């Protein structure tokens, strides 16, 4: 009598992924966004970014200069490249909670990382 959730038989093509994400201080978060496809992804400033404790993600504004906001090391992402997203937070993260960052490119492509 063996039960398990989802399948490692069941897979789909990945064209974009967050290789790693974590907080670097009490109020800054770093994510490495990796294009493993064959297409350039442009206008990443028009991505939508959400971040928060699990189940309570909040929107994050692009490069507004005032927390919470996010920056990216390049506005476009070529095949095989990585760019670095940073989130500047207004309130400090708690040491005993798990957080999710999620990024939605203009093309709708949706990736997440939990730490």
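Positions refer to the first chain, counted from 1.
S.K.: Going by the B-factors listed in the PDB entry, is the mean over the C-alpha atoms higher for 63 to 71 or for 24 to 32?
M.R.: Looking at the record's C-alpha B-factors, the answer is 63 to 71.
S.K.: Please work out which of 14 to 22 and 92 to 100 has the higher mean CA B-factor as recorded in the PDB entry.
M.R.: The stretch with the larger average C-alpha B-factor is 92 to 100.
S.K.: Ranking the modelled residues of this chain by C-alpha B-factor as given in the entry, is residue 109 in the lowest, middle or highest third?
M.R.: It belongs to the middle third of the chain when residues are ordered by C-alpha B-factor.
S.K.: Within this chain's modelled residues, let me know which third the CA B factor of residue 53 belongs to: lowest, middle or highest.
M.R.: Middle third of the chain for residue 53's C-alpha B-factor.
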